[PDB]
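Shown here is one chain on its own, the form deposited in one PDB entry, set out as structure tokens.
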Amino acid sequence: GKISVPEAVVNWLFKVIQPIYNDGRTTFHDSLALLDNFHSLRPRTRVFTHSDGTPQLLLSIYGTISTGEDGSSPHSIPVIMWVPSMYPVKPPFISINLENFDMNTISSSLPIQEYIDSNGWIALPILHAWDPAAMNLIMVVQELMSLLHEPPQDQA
């Protein structure tokens, strides 16, 4: 339950979430928890443009997710997660951040490679099977992390 973000960020979250989110309480709770669990992530609001051209200001959480120093070869991916205004009824959506990143620094051996489309959107299995009543933002990033991980050593 320890909070890693400073007061200015908590107050900011309080402020920006209110006007946008159908369920501000859950969005605030899940966003704060995410930031507290993944210290490389930061929040901002940005305009997301929908498929039909409609722009919508949304909370976005961004940063570089990296495998831990656990003896395995390190892998990192810069991502941008968007929280839709109907969260958690609707799932977040996540893309690779294409600044200073070449999507081709990701081994085809990495399980995550399979889920990244030509446009940079990451179709994580958890998002496809989203359960509004049982899932949160942390679980999304945890799955992302588990797919970045070097696949286990075998003896073949």
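Start at 1 with the first residue shown and count on from there. Throughout, rigid core stands for the largest set of C-alpha atoms superposing within 1.5 Å between the two forms.
Heads up, the form deposited in another entry isn't pictured, but that's what we're talking about next.
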| property | result |
| --- | --- |
| Core-superposed comparison between this form and the one not shown - Cα displaced by 2 angstroms or more, from 26, 107, 64, 95 | 107 |
| Note on residue 70-residue 63 C-alpha separation in that other deposited form, which departs from the shown form by 3 angstroms or more | closer |
| Cα distance between residue 82 and residue 103, which in that other deposited form differs by 3 Å or more from this form, closer or farther | farther |
